[PDB]
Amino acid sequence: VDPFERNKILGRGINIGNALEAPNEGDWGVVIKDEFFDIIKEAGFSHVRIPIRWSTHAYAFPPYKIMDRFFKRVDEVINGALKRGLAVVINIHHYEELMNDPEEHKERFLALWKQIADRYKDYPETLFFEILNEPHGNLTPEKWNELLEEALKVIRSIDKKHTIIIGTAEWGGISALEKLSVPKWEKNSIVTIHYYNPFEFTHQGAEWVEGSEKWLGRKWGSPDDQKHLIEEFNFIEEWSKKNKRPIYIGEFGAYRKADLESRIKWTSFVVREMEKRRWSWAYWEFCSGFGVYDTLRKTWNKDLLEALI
């Protein structure tokens, strides 16, 4: 299998967030309606990324069994998307104890991946396994290198069909990319990066971010801006060429509080730069805070959808 061809198949996408990665689906405002997949496919997207919180739906002690009711729900989400001809990225996302206590939670995490790989091993080749969303905290770059290799071994003992998606430590951005090590023996993986630069721009006024109001009225679009974003992307593309790993920008987006002109400029520029490099990508997100689809009015943000598609 050619991971670069799989990355093309992945193509352009959107996160369905604040859904299955909450403690329970709906806790953070979104329940994934089957209808979403028609809406997303009709808009021109190639895939959906489904953040999933397995840790709150599995037993705490060995054999760490994932609840059957939750597996059936995930089946339903995956198959709903596949049915529209969309590719699907599933992950483990918000395993909070793992980030803080990797030494204890490694075993449970790997047992989760054993069960997931086992259940979906015969699913279509358009399903992608993303090991872990944004490794951070006590799960350092070195420890992530250790964990991801063990995850690869566990998954590969079961499934040699599906492309695996591997993120970076220190919250999944560019900072820890140079530290990332993918075993040479693994030949069907895509590296994922989450891009929100400039952070002060994209997160201006972000309520969950300390001192973010200091950045309100921040704009984007200047010649300097473009140069920098291009430079940061050159870094990623360089690493990609040197290591021969395809790239997936699994998350990117600007918060609603940024002025709309700059939001459009930033979004359309990021998109065009990524597509220049044949990178797959997924917008954050479908229908919440960073949302571009209004589920009540049943309408897309036209300006932003145009920037994306």
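Heads up: residue numbers just count along the shown sequence, starting at 1.
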Check your understanding: Of the two stretches 117 to 125 and 216 to 224, which shows the higher Cα B-factor on average in the entry?
Key -> 216 to 224
Revision key, fill the gap. Comparing mean C-alpha B factor in the record for 145 to 153 and 204 to 212, the higher one is 204 to 212
Check your understanding: Out of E231, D75, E97, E107, which shows the largest CA B-factor listed in the entry?
Key -> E231
Practice item. Determine which member of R278, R53, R49, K41 has the highest CA B-factor, using the values in the deposited entry. Key: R278
Exercise for review: Please place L82 in the lowest, middle or highest third of its chain by C-alpha B factor as given in the entry.
Suggested key: middle
Point to revise | Among modelled residues of the same chain, the CA temperature factor third for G289 | key: highest
Check your understanding: Of the three thirds of its chain by CA temperature factor, lowest, middle or highest, which one includes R245?
Key -> highest
Exercise for review: Compare the C-alpha B factor of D34 with those of the other modelled residues in its chain, then answer lowest, middle or highest third.
Suggested key: middle
Point to revise | Third of chain Cα B-factors occupied by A19 | key: lowest
